[PDB]
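Spelled out from the first residue to the last, the chains are:
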Amino acid sequence: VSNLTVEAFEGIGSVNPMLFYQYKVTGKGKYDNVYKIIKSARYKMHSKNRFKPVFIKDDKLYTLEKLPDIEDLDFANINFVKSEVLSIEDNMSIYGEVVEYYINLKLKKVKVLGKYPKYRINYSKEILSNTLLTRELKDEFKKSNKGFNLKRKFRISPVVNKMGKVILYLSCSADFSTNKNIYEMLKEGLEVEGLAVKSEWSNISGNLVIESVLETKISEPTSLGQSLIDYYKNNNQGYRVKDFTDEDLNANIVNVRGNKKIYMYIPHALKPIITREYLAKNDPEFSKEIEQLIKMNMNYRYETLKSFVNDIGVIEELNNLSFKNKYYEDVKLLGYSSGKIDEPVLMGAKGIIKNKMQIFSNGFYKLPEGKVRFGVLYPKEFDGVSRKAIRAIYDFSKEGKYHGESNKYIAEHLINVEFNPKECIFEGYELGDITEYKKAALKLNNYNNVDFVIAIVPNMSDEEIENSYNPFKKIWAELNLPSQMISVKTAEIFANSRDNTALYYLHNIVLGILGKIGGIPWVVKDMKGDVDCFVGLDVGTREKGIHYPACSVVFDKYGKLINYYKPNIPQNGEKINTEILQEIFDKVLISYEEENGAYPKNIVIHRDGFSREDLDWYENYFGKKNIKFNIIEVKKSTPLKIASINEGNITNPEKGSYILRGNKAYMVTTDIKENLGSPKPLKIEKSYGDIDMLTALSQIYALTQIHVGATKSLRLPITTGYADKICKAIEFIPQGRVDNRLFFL
DNA sequence: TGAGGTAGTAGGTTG
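Reading the values: rules and limits
Residues numbered from 1 in each chain as written, not as in the entry; some residues may be left out. Chains lettered and ligands numbered in written order. Heavy atoms only, no water. Helix = DSSP H or I, 4+ residues; strand = E, 2+ residues; numbered from the N terminus. Rg over C-alpha atoms; globule rule 2.2 N^0.38 Å. Buried < 20%, exposed > 50% of the residue type's maximum accessible area, 1.4 Å probe, protein only. Contact = heavy atoms within 4.5 Å. Areas by Shrake-Rupley, 256 points an atom, 1.4 Å probe, with all protein chains shown as cover. Axes fitted to C-alpha atoms, helices over the stretch in contact; angles between N-to-C directions. Parallel < 35°, antiparallel > 145°, perpendicular 65-115°, else oblique. Nonpolar A, V, L, I, M, F, W, Y, C, P; charged D, E, K, R; others polar. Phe/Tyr/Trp six-rings, centres within 6.5 Å; stacked < 30°, edge-to-face > 60°. Domains from an automatic or database assignment. Pairing = 2+ DSSP bridges. Expected span 1.5 Å × (residues − 1). Near = heavy atom within 4 Å. Polar contact = N/O pair within 3.5 Å; in protein donor to acceptor, adjacent residues only side chain to side chain. Salt bridge = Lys/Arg side-chain N within 4 Å of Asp/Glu carboxyl O. Left-handed = near helix turned anticlockwise from the far one by under 90°.

- Per the PDB record, the structure was determined using cryo-EM to 3.40 Å resolution.

- As annotated in the PDB entry, chain A carries the name Clostridium perfringens Argonaute (CpAgo) and is attributed to Clostridium perfringens.
- This structure appears in the PDB under the title "Cryo-EM structure of CpAgo in complex with the 5'-P guide DNA".

## Description of the overall build of chain A
In step 1: When its secondary structure is counted, chain A shows 17 helices and 37 strands.
In step 2: Whereas a compact globule of 745 residues would reach a radius of gyration of roughly 27 Å, chain A reaches 30 Å, a difference of no more than 12%.
In step 3: By principal-axis analysis of the C-alpha atoms, chain A measures approximately 90 × 60 × 55 Å.
In step 4: Among the 745 residues that make up chain A, the fraction classed as buried is 52%.
In step 5: Here the analysis covers contacts within chain A between residues at least 6 apart in sequence; of these, 70% occur between residues at least 24 apart.
In step 6: Of the roughly 36,000 Å² that chain A leaves accessible, carbon and sulfur atoms contribute 50%.

## Section: the packing of helix α9 (residues 383-398) against helix α12 (residues 488-495)
In step 1: At a minimum axis separation of 8 Å, α9 and α12 run at an interaxial angle of 75 degrees. Relative to α12, α9 is oriented roughly perpendicular. Taking contact as the criterion, the partners of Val385, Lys388, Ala389 and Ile393 in α9 are, on α12, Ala491, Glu492, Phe494 and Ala495.
In step 2: Classifying every residue of the contact of α9 with α12 by side-chain character gives 6 nonpolar, no polar and 2 charged.

## Notes on the packing of aromatic side chains
In step 1: Counting across every chain of the model gives 39 aromatic pairs.
In step 2: With a centroid separation of 6.0 Å and 40 degrees between ring planes, the pair formed by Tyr101 and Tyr123 is classed as tilted. Taken as a pair, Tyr101 in helix α2 (residues 92-107) and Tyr123 in the loop between β8 (119-121) and β9 (126-129) lie far apart in primary sequence, 22 residues in all. As far as burial versus exposure is concerned, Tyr101 and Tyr123 are alike and both buried.
In step 3: Ring pairing ties together the aromatic residues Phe585, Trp617, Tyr618, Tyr621, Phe622, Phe629 and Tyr688, which thus form one cluster.

## Side note on the domain arrangement of chain A
In step 1: We note that the domain assignment places domain 1 (20-85), domain 2 (96-322), domain 3 (367-516) and domain 4 (523-638 + 681-739) within chain A.
In step 2: On a C-alpha basis, the centres of domain 1 and domain 3 stand 65 Å from each other.

## Some thoughts on the sheet that holds strand β4 (residues 23-27)
In step 1: Spatial ordering of the open sheet is given by β5-β4-β6, a layout of 3 strands whose pairing is antiparallel. Looking along the sheet, the strands with just one partner apiece sit at the ends: β5 (60-61) and β6 (76-79).
In step 2: Here β4 pairs with β5 via 2 bridges, running antiparallel. Paired with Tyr23 across the strands is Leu61, a residue of β5.

## Thoughts on α2
Residues that lie three or four places apart on an α-helix share one face, since the helix turns once every 3.6 residues.
In step 1: Taking 1.5 Å per residue as the helical rise, α2 with its 16 residues ought to reach 22 Å, and the 23 Å between its terminal C-alpha atoms agrees with that figure.
In step 2: Every buried residue of α2 is accounted for by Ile94, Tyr95, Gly96, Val98, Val99, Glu100, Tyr101, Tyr102, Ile103, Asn104 and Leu107.

## A look at the sheet that holds strand β32 (residues 642-645)
In step 1: One open sheet holds the 3 strands; their spatial order is β1-β32-β33, and the pairing between them is antiparallel. Taken across any chain shown, the strands that pair with only one partner, and hence form the sheet edges, are β1 (3-6) and β33 (650-651).

## Comments concerning the protein's contact with DNA strand B
In step 1: As a structural note, the neighbourhood of DNA strand B is formed by 57 residues, with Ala174, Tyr232, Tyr263, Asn508 and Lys680 the closest of them.
In step 2: Among all atoms of DNA strand B positioned within 4 Å of the protein, those belonging to sugar or phosphate total 55%.
In step 3: Between DNA strand B and the protein, one listed contact pairs a phosphate oxygen with a side-chain N or O atom of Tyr469 at 2.7 Å.
In step 4: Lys473 places a side-chain nitrogen or oxygen 3.2 Å from a phosphate oxygen of DNA strand B.
In step 5: Of the residues assigned to the surface near DNA strand B, the class counts are 25 nonpolar, 14 polar and 18 charged.

## Details of unusual backbone geometry
In step 1: A positive phi is found at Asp139, a non-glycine position, where the angle reads about 60 degrees.
In step 2: Residue position: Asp139 is located in the loop between β9 and β10 (142-144).
In step 3: For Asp139, a relative accessible area of 22% translates into the label partly exposed.
In step 4: You will see that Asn449, though not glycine, has its phi angle at about 65 degrees, which is positive.

## Concerning the pattern of salt bridges
In step 1: Overall, the coordinates contain 22 salt bridges when judged by the stated rule.
In step 2: A salt bridge links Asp395 to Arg391, with the shortest nitrogen-to-oxygen separation between them at 2.9 Å. Highlighted residues: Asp395 and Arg391, both in helix α9, separated by 4 residues, approximately one helical turn.
In step 3: Residue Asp395 is classed as buried on the basis of its relative accessible area of 10%.
In step 4: Given a relative accessible area of 51%, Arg391 falls into the exposed group.

## Points about the packing of helix α10 (residues 434-446) against helix α11 (residues 469-478)
The packing of two helices is summarised by the inter-axis angle and the distance between the axes.
In step 1: Two elements in contact, α10 and α11, have axes separated by 10 Å at closest approach and are oriented at 40 degrees. If you check the angle between α10 and α11, you find them oblique. Of the two possible hands of crossing, α10 and α11 adopt the one that is right-handed. In this structure, α10 contributes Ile434, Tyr437, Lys438, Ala441 and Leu444 to the contact, and α11 contributes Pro471, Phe472, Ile475 and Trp476.

And the structure:
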């Protein structure tokens, strides 16, 4: 009965064709090939009007209400040339943006009381609500005494239908904004360079990372041929310059990058972005207040968007268009298909397991071998604490958790290690300069038989402790010494241990120390399809082209072993060409040859958000390598979210259920109860391959289940998740480019 | 950093 529905809405009416004052871009100056010029000229025309909507074709610029003037800026000349009512089916995104603009106009006049209104409107894709609906539906706007307003960011996405119907894909998010501005913080004498900055005079052209405060005066002429206020006064945006004084224009223009070119903004227009973590740092109790409000389950999001579409109401400008007040009872009416895939059984050493708990009763599937002997590096003021902790770790690693060496859930000799406190070494470090931690790690290196240090770091809770996790990782990753550090907090847990949370921590940390060496605890008994090998692909963005940093080729259909290969790129400036990918898959093939001796017949490849530009290379190469294969894209961050729908109630979806359109699939992987928010599902589509998507989803969900670094499962698959975690710890690769051991846990 | 969730990120680019 568990039916599923994405966060979207049905339009009641049907839109009509309407007359469009179409404009043609004509090139001006040395900016020929105007296809790049249109994207700026839209916002330019949208700025010369008071955000009247300007639309995009390859040379045609459609507008509901005419800007009768020609334009004078040097990029293009734009003319009136005669209007025409457009078609419906040819203009899908066009009428979608029509629905966007009229939802903007309708919600511009919405308030809760006689004050600043309910929503803040940029006539754009995103909608900010000035107030915020709570679980008691009271719409109380949230505000700290130090600023830092909490607002809902609504990303609407209407799509029209060729029969005139419209579907409103609707998404709700949280936004953190202060009242303090960049001009105000520059009056504060605070250096703001490198801060991620959004602008509020402008629109969606964001992620505008700031560059440098200049000597440059606003009132004096700049590179743009005018004063920076004259940028707005000569346009119709002079209304934003009707609160300035002589003092308000002394200390002035900052530079800011917009992914293509530096800009010059008024600092008044610029505002800092605020993360969850920036607010939690600066104002922790306000974050404690809004902690209930940031995490949103499907009931809360659904009530939010109920109130939102009730605020929308009807649009009498359009053909009496209104939306429904609830989600769909089916995605098949939307154009998807649903279901819940099983999770296949897993297996370790002894055989098929029932859960990820009893793997320690049933032994680890893969062990690196060589009887690693761990050494320990501890803070000197926690000596007996460290002794009890490592004693617990080693005794659970061989016999059991308590003094009562439990075999109710634990088998003997789960990892071949030897630790005599008399023989094997454990040495202390005192807190201080980073040079001391380096001397301690190097002193550890001076001994022999110290393979796989297990150290103890102070807490990240106490900020005034300068805990040496990162220097220990750097020095021990310079060597081939895998590491596993623990907090002094969990060290006190191991010391003051009477309940049975200690076994949970020990399950967790033993999976960690197994993963740091080349050992695999449990793998899949049976996949569905006939794939032989798994290859993971991430993004690097070293250049905005075909950029690719690192691969993690999971060996078998079992997943029974895992290789990762970091192609140490020839010096940066060398081409990012698929010759790199040739090296990658040759390494993959020889790796599968060392593991099996036979060529893998079928390989699925999981790529990240770097686009579908080079499928033909994989085609030609694997055709010459005579091997059928699959390529399935995994996008880790999607705005779209899936809600399990009962009779009328809206719960979070149970894990392992999917939403499927032909070669575009959504599914949920994690299990999140209602107290912790929403599950962020996966965006999954097959670029090229042969298998049905159900087999791919079953394989990739069992591939989210098996994992080497933790007890409970993950959101990401093993492939792109492990590749991305390698892509995080770039300075932490032991530079040999290929290891069976996984440092990055 | 016991581990994992969440939340945060814009759609092929816009002084």
